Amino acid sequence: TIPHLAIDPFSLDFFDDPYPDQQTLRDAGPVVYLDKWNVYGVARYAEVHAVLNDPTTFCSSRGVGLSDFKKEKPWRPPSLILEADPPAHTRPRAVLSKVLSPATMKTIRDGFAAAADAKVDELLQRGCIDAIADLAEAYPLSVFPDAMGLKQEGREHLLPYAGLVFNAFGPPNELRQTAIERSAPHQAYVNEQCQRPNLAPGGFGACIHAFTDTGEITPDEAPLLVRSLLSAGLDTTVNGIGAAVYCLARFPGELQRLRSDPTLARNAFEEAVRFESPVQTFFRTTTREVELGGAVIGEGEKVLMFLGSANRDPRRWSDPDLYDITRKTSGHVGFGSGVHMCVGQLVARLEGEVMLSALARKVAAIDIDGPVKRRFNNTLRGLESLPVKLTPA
């Protein structure tokens, strides 16, 4: 019944150009079996959306990587939010939702916008820059560690730690093995900063610890929830912003539409999240036998969801392979969907909006002017180097 495919979605050849294989995965059927890793796969929009919104059968507490926590030891203590199901998920989720709330965005907006404006003006004085190191990495590094309340010492471990986190959701390939091996110094840095004395009052970390007073989380839960923000809160935005700049560099007509109406910045960023899908894949584990796409999946099976594929499925999207900054993007799964839908989405969108606003108001053209290099990661899609020349407006 179910088609068996040999495609390795975690191979460098797949990362280098995933789109033909993603069509093969969609068109093979609503559910496939990936023989390379002994997992089920769903790559169409409808089934990806259905699985994400069925948490009692497609659970997260057995891990959202390939590893099944019922079978193998997690490489670090489980996340209290990402790797938890309701009801254990609910109060930790509520704390992060409140720490990263609409009201909280008012406190950081002016600084985040000012830093984006200043960065674009700085890059315009240089002309020829790397949109990854000098923009997609530099801007989040300039605002997010500070908004967390992190000390200065040790921040060089943040991106390596996140690279490890996202590689570790993958299969035990070379990317994962290399990431986990000798990772203790990155772990030790992050785990130390999660302790309350190391977090500046008023920042996201200290605010998490302040919620221990309410009964929503205990004091021993707070460091792990700070850890969640230090795991997911930086490298995602690096690849999201890099994706947006790469889109604007490749689609000059859309950069010009954004210039003409900078209030399209928020949706231009959202469209970049759909179009590139910085988070490409993750897993669920079945808690029971379940029919999906006409396949009977047994209990305790891993199911791989192709978020980027769902976001390009022509069954759902018109002209899926076009970047369109006025597209109605609502419903894309680049931030997930359902009970685990990105709790940091307001921070991600704030960063993306204010950077694209600064570009819209200050830049007339973005021209690739050196070799583009891809950055390989088992979960994240993005570039290692994006040399561009910025022409001022």
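Start at 1 with the first residue shown and count on from there. For clarity, a rigid core is taken as the largest C-alpha set superposing within 1.5 Å between two forms.
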Consider 301-309 and 176-184 separately and indicate which one has Cα atoms farther, on average, from the shown form in 6 other deposited structures of this protein after rigid core alignment.
176-184
More shifted region, core-based fit in 6 other deposited structures of this protein, 104-112 vs 210-218 by CA
210-218
Stretch with higher mean Cα temperature factor, 128-136 vs 222-230, is 128-136
Should the higher mean CA B-factor in the entry be assigned to 284-292 or to 236-244?
284-292
Highest recorded Cα temperature factor - choice among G298, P201, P171, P262
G298
From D213, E181, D146, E254, the top C-alpha temperature factor is at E181
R26 - Cα temperature factor, lowest/middle/highest third of chain:
lowest
Could you place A113 in the lowest, middle or highest third of its chain by Cα temperature factor, using the values in the record?
middle
Looking at the C-alpha B-factor of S385, is it in the lowest, middle or highest third of its chain?
highest
Taking the C-alpha B-factors as the PDB entry records them, is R44 in the lowest, middle or highest third of its chain?
middle
Within this chain's modelled residues, let me know which third the CA B factor of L258 belongs to: lowest, middle or highest.
lowest
